[PDB]
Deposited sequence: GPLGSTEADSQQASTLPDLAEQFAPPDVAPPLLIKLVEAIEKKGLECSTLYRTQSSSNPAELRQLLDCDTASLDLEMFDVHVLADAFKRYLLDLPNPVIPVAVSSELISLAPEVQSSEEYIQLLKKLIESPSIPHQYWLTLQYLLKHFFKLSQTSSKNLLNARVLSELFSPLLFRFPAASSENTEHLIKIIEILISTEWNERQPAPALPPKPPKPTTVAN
C-alpha cells in the first residue's frame, strides 16, 4: 500500500487529488443511475484494485470495479480524509453536545486547523459534492444522503456504536444534503 498522503497527491490551487478526480468522473459517467452502486461486493481483490490505483482510461473498467477502487483508495490513504484528531474530538463530545449544527461548525473548524494541510478539507468537499450529485438521482440509484452517510462515514472517519458514532454519521448525512 504505497498510496501517498492526501497532502502529497496535490496542493492548492488544484481542488482534489487527480486520481480521485479520475475515479469520481468515471463513476459518475457510468454509474449515476446504477441501483447497486457502492453496495456490491468486490469481484476484484485488494491487490488488483491497488494495481489499478497506479496504472489507463478508467472508463474502460467495469463500474463495480471502479466503485471498489474508490473504497480501496479511501481505506489505503495513510491518514483518513477526516483526521483521527478531529474524529476523536467529535466523539469525545457526544454525551455533552447534541446540536447537529454545532457538530458541523466544529468539524469545519477542526479540519481547517493550521496543523492540518488544507488538502484534507479540499478532498472532503470534493467527496461531498460527488455524494450530493449521486443523491440527486436517488430515485434511480437508491443512494440518498442517509445511505451515502452509512456507507462512507466509516471510510472517511476510519472507524469500525454509541450515540457518538451515530452523531458522526448524522453530520455527514447533513453535510451531503446541504451542498
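The deposited sequence has C-alpha coordinates everywhere except the stretches 1 to 13, 69 to 72, 178 to 179, 199 to 220.
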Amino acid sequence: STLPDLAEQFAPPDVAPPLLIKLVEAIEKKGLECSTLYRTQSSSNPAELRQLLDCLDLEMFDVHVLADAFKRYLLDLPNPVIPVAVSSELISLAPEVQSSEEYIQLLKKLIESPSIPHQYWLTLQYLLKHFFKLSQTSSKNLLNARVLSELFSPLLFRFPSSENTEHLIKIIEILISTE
From here on, numbers count along this sequence of modelled residues.
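Taking the PDB entry as given, 151 to 159 carries the higher mean Cα B factor of the two stretches 151 to 159 and 16 to 24. Of the two stretches examined, 33 to 41 and 116 to 124, the record assigns the greater average C-alpha temperature factor to 33 to 41. Note on the listed residues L134, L56, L110, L66: the highest Cα temperature factor in the record is that of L56.
Of the candidates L75, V81, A94, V84, the PDB record gives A94 the highest C-alpha temperature factor.
Among the modelled residues of its chain, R146 has a C-alpha B-factor that falls in the highest third according to the deposited record.
For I176, the recorded CA temperature factor ranks within the middle third of the chain's modelled residues.
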